[PDB]
Structure formats: structure tokens, C-alpha cells
């Protein structure tokens, strides 16, 4: 990585590249039954070849054009999962954050730390005013993230998700620049 984001001496964020195709792909299979509650939706497989030629390239192109960041999470130099800034709406000065992490790395404080830099990035660099995270109401290591950083529940989206044939509610949390 020429351009990189050091979160701490253990956590690193960087934009994927095509050569990241294999690990991501494999890294999404090793956890292929679960990873849908964390608003992504890999109930039906990654491909590696698809990631190499289309998804990652599209992701970079998007970073190039400035609508968001689809990035990889790194712990001791290995892809553990991904973090993301999306639904960027400059006029309204806001974006949302998503993320997910391989089970093995659950519990080391990765996502929470990665979100913090990403939050700092969002408020100081993009001069955004609001950042939101959402998570399936249902159970959450994921809701736990906005709650240690200090977001506020603001609402629910009834049937906001459609994972594995099932309808779930989505709960919204938001954090304002002045509160941060």
C-alpha cells in the first residue's frame, strides 16, 4: 500500500486492489453463514474472479469519483473484513458507515477503532455534519459499535432488510459533528 491508513499498530485500513481477490473471496466463504446480518449479503457467494474483474475495480473507481469508500480492514497485515463510507450526500452533509468482520477477529475492538478514524475522517476532512450506522435491530455485536462510540438511536426502518428470505427491522444511529 502506497497510500494507507494506520489506525493503530495493529489495525490498518486500505482500499482493496484486484490481487486482494483471492483472500477476500476465501475470507467470505469461511464465514459464509452469518455475514448477512451485518448489512452486506453474502448468502450466496463471492467468486474471486468476479471480485478481481468487477467489484474491486468498481469500488476503486468509486473512490476515485468520490462517492464513498469501500475499504479493507487489516489486523497484523491480514484482511479480516471491510469498512465503508457510503450514501454520501454532500449537499446534506451526511454519510453512513457500514462494516463487517471475520468471526475469528470478533472481540479485539477492530471495528470500533476503525470507525473512529473513519469518523474523524468524515468530520474533519469531508467536513460532513452527520454520520449514521444502521444495524439489524436483531442482536448485535453490530449495534454495539455505534453505542460505544456514542451515537444515538434515531429510529427504525420497518422491514428495512431482506436477508435470507426474512424481513428484519433496521435500527438507525446517528452522530453529529458538534457531538463528537
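Numbering follows the first chain given and starts at 1.
- Per the PDB record, of the two stretches 32-40 and 57-65, 32-40 carries the greater mean B-factor over its C-alpha atoms.
- Among the modelled residues of its chain, residue 160 has a C-alpha B-factor that falls in the middle third, as given in the PDB entry.
- Among the modelled residues of its chain, residue 142 has a C-alpha B-factor that falls in the middle third, as given in the PDB entry.
- In the PDB entry, a CA B factor belonging to the highest third of its chain's modelled residues is recorded for residue 2.
- When the modelled residues of the chain are ordered by C-alpha B-factor, residue 50 sits in the lowest third.
- Residue 107: CA B factor lies in the highest third for its chain, per the PDB record.
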